[PDB]
């Protein structure tokens, strides 16, 4: 009934609110995508384009919520780049053990950080794992978490090591399914990391629109922005 271009006009305000709160680079990407939806000849184009807005915007608010840097996909570091710059003395071995699984070197998580020392820096990795584990324990939110560990080694108090934090996030209906497949994907490289004596933590989580607005991995004020924009776009897309 409603043409799609007309559908975008109606939600001009909610989408304006959305672009204004997103980080700068995330905002512009969502603004290009929005015009692709307005100028969409087919309802499959519009849908696929709206799927990208749902994920990209959500990531922008995940960055804001956690005070991490939003990284456009084009500029996201892979694992190989992380090992090379952060652990340069192990990269050659990191290349040898990936001879049979070369896709590992090209794994690109949503966030690839390291403890303060294009890998982003964070002051404490253990605190990020705790905050994830806390909310999982408190609101029943499904996560998966893994830590590399050479042999059965103990943590130590007389020296500091470099370490990575690998985080995957998502906005999609099958929350359980997302974290299981994410952790299955990274399990191989965790084991590789144990064998190279590199400390990594892998975290994965997801939200969906049925998640109570106080319980998401993003601030509730951002939950409201997504529900009032990207979620009404999807509902109006199907009906008309």
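Residue numbers count along the first chain shown, from 1.
key: residue 117 to residue 118: deposited residues without atomic coordinates   = According to the record, 10 or more deposited residues lack coordinates from residue 117 to residue 118.
If you take the mean CA temperature factor per stretch, which one wins between 39-47 and 57-65? So the stretch with the higher mean C-alpha B-factor is 39-47.
Exercise for the section: Would you tell me which stretch averages the higher CA B-factor in the PDB entry, 86-94 or 145-153? Expected result: It is 86-94.
CA B-factor ranking of residue 101, expressed as a third of its chain:
Highest third.
- Message: Lowest, middle or highest third: which one holds residue 211 when the chain's residues are ordered by CA B-factor from the entry?
- Response: For residue 211, whose C-alpha B-factor we compare with every modelled residue in the chain, the answer is the middle third.
* To do: Going by the recorded CA B-factors, say which third of the chain residue 34 sits in, lowest, middle or highest.
  => Highest third, going by the recorded CA B-factors of the chain.
**Asked** According to the PDB entry, is the CA B factor of residue 78 in the bottom, middle or top third of its chain, that is, lowest, middle or highest?
**Response** Its C-alpha B-factor, which the entry lists for residue 78, ranks in the middle third among residues of this chain.
Q) Sorting the chain's CA B-factors, does residue 18 end up in the lowest, middle or highest third? A) As the PDB entry reports it, the C-alpha B-factor of residue 18 lands in the highest third of its chain.
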